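Read the single chain below, which is given as structure tokens and is the form deposited in one PDB entry.
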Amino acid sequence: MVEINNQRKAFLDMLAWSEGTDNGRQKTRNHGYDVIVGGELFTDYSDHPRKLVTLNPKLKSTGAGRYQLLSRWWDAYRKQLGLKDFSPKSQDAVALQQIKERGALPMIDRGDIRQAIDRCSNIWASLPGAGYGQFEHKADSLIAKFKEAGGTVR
């Protein structure tokens, strides 16, 4: 289980917004922690909502929780990290493990957020360079939200 410092807490929020779960527009009972992709919400946190949301006629997603974690990885990480519930706690746990895996923790820790975002581009589609054909936020606007999550850059 990864230690949460503020750079990481911010990379998370930045992701929550990039991902649009904690972006102010999206309705939510917690902070995107109950947000399912597509916008609907879940109220039971003992586990991932595992709700397959049909976004458009040609595309679907399991992405849920703050960092729009595909359930695939949720299972991977909750088992890897012995996460009991899908509490926001467990949701962060995962986000950070992936982040750590992208070897972007030293980057997040040290503010090389473009480098982290680009390093984490394969983790979240809303990030630039991700290449998931999803709406990719300009790197500049992610850095921006990140900064407003409390994160520090450069």
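Each form is matched to the other, and the largest set of C-alpha atoms that superpose within 1.5 Å is called the rigid core. All residue numbers refer to positions in the sequence shown, first residue = 1. Shifts are known only where both forms have a C-alpha.
If you look for the form deposited in another entry, you will not find it shown, but the lines that follow are about it.
Student: Does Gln134 move appreciably between the shown form and the other one, meaning a CA displacement of 2 Å or more on the superposed rigid core?
Tutor: Passes the 2 Å threshold, so yes.
Student: Explain in one word, closer or farther, how the Cα atoms of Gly133 and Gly24 are placed in that other deposited form relative to this form, where the distance changes by 3 Å or more.
Tutor: More distant in that other deposited form, by 3 Å or more.
Student: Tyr132 and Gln115: their C-alpha distance differs by 3 angstroms or more in that other deposited form. Do they come closer or move farther apart compared with the shown form?
Tutor: Closer: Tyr132 and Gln115 approach by 3 Å or more in that other deposited form.
Student: Superposed on the rigid core, which segments of at least three residues move by 2 angstroms or more at the Cα between the shown form and the other one?
Tutor: Three-plus residue run displaced between the shown form and the other one: 130-137, uniquely.
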